[PDB]
């Protein structure tokens, strides 16, 4: 399987500052079988060059724990009139202190088009946000993961 092309297009690349960006719901499953969520952005999600896998850099401690337990995840991505629902299986990972760089294979993709414009969850990037989230460190871990995968 592969990362759907419409989704690779929404996730590829890394945001500039002072621009609205989509916040993507990144879903996991907790110890009690309840759905769990965290919001990620293009800074933390990146398709492989061959688009076969989706890379993620996850800081959230509870999300990391869930991935390490079940290896299952999901993603919600909005574009135009379509709500994309992805199901993901973690096939590999690399830990760096409080960060988990993950490789995911897509297990399912549902395109839910209600035929009406949908606005994604949105936030504005900033220099302070780039500083608080340590954007350069995330970018380095991505390079290490891509090298290992390639």
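Residue numbers count along the first chain shown, from 1.
Asker: On mean Cα temperature factor in this entry, is 128-136 or 10-18 the higher one?
Answerer: The recorded data point to 128-136.
Asker: Could you check the entry and say whether 43-51 or 60-68 has the higher mean CA B-factor?
Answerer: The entry gives the higher C-alpha B-factor average to 43-51.
Asker: Between 98, 120, 33, 92, which one tops the list for Cα B-factor in this entry?
Answerer: Among 98, 120, 33, 92, the highest C-alpha B-factor in the entry belongs to 98.
Asker: Going by the CA temperature factor in the PDB record, which third of the chain does residue 106 belong to: lowest, middle or highest?
Answerer: For residue 106, the deposited C-alpha B-factor lands in the middle third.
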